[PDB]
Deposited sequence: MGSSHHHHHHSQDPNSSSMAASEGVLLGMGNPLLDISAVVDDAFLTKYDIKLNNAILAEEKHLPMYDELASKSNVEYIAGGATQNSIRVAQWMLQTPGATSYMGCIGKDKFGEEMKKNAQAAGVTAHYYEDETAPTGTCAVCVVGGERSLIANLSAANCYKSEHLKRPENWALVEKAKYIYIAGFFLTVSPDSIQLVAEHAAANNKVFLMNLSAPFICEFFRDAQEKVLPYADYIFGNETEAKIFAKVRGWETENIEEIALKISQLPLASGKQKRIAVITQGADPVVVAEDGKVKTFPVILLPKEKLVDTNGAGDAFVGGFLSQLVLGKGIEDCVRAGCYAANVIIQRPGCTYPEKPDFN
């Protein structure tokens, strides 16, 4: 994998992961197996987690998690890049530290007033409770992207992955890199993630879809996508095919749609046909992002779709057995 061969752009959050007890959950009125927005009552909780010794800080956010998992899976130094917005605070410096530890070349845009986005990941057994404060992650501006030191990361990249959620934060950055990729034989990849469905988002998504070589999604996202645009089918295999056959921009040959269904098989539409892949488990939160990261690693290495899906399932199965989107030193995938 060449230097900066894969780039991601998104909404970075510093994940503050810690194994907690009943007293902590009751104190901040947080229930397990649910992701809530941080309120004024939850803001001092980030200080309490920071004050603990066994705390793990991770350069998170869905896209950044995928880029880190791709980097871990590739094991080649300098193969990945990432751009997103952070604040000028200690949590921003921790995000810079962890991105460097994960081997990702991160060029963050520093907002002058917004604190860095954070996410408390409270762990008990195999259960999590996410409390997110997006804050600076929503302030990315295309002026950062257009600077020569940051545009060099787009120029270096052969694969550029940006989540659909970023269409609400910086649609000018997505359209700029998507149009650049079509004009310069690069692969543009996106997902069906969205905070909400509004006219502004609908129109921005419609403008980028022709430029997407790959579209990733989960069954719920695919079914919302199909219903929003009037497709009457609820079959995920047919929805994946219809996504792959959306209109194509000039300079884009084909589109591949990859739809995950949790325990049920991964659905892949390509060349007017749908192939389905059963999930293979390892002996005995962040799983979707890890799946995309494993898929991207093999895509970068020019491998086939079955290797891409198997690597995605491997990475997803590793990450689910660890607190947060974390992993061991080296992978063991073939």
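- According to the record, the deposited residues with no C-alpha atom in the structure span 1 to 20, 305 to 310.
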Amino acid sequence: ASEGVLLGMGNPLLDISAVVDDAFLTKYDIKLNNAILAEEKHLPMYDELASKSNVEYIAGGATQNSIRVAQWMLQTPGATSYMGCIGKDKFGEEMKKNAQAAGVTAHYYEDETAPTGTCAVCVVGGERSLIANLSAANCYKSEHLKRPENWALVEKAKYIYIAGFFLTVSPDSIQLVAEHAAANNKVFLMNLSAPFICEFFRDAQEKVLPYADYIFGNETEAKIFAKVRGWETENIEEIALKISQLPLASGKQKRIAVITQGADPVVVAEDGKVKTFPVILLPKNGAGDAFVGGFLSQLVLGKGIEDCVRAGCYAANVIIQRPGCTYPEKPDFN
From here on, numbers count along this sequence of modelled residues.
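- Between 78 to 86 and 192 to 200, it is 192 to 200 that carries the larger average Cα temperature factor according to the deposited entry.
- The PDB entry records a higher mean C-alpha B factor for 247 to 255 than for its counterpart among 213 to 221 and 247 to 255.
- The entry assigns its greatest Cα B factor, within the set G125, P171, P148, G117, to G125.
- Across the residues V55, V292, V268, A62, the deposited record lists the maximum Cα B factor for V55.
- Compared with the other modelled residues of the chain, the Cα B-factor recorded for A157 ranks in the lowest third.
- Looking at the C-alpha B-factors along this chain, the one for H144 belongs to the lowest third.
- Placement of the Cα temperature factor of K207 within the chain: middle third of the modelled residues, per the deposited record.
- In the deposited entry, the Cα temperature factor of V121 places it in the middle third of its chain's modelled residues.
- Compared with the other modelled residues of the chain, the Cα B-factor recorded for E112 ranks in the highest third.
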